[PDB]
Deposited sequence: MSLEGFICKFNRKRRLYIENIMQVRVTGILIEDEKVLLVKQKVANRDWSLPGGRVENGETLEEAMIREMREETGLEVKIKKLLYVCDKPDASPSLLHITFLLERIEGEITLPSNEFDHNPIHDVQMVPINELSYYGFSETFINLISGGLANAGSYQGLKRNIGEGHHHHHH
């Protein structure tokens, strides 16, 4: 089973986005695959470092999404993060404008709520 973590870092009502180095290379949430021997947290911290060069700490686990029909089975965990050698592609997008970046027709309010939505789950 594969596991992926993504971080949501909010400051002044904006979310941190990075340019994806794969696919259509759109601005998306920072994250990556959890590597063998890594706790979800170590992976999150490593991914933030490699894609934004920032040092962070887990604030809370917000939303977990699992799709076992994937190949291989996939578990997706999203963390609320707080801030504490290539130049990184980074952008702070106002939460309002997130819809202009193609963000899900099912959420955006999920992150608007912040801690209020901690622990959300889906299963599909």
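Q: What ranges of the deposited sequence are left out of this structure?
A: Those stretches are 1 to 21, 106 to 118, 159 to 171, listed in order.
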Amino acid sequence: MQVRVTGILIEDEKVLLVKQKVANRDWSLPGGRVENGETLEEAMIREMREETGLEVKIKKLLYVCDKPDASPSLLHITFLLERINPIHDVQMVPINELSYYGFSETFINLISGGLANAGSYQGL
From here on, numbers count along this sequence of modelled residues.
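Q: Quick one: higher average CA temperature factor, 67 to 75 or 25 to 33?
A: Here the higher of the two C-alpha B-factor means belongs to 67 to 75.
Q: On average, which has the higher Cα B-factor in the deposited entry, 9 to 17 or 96 to 104?
A: Averaging CA B-factors over each stretch, the winner is 96 to 104.
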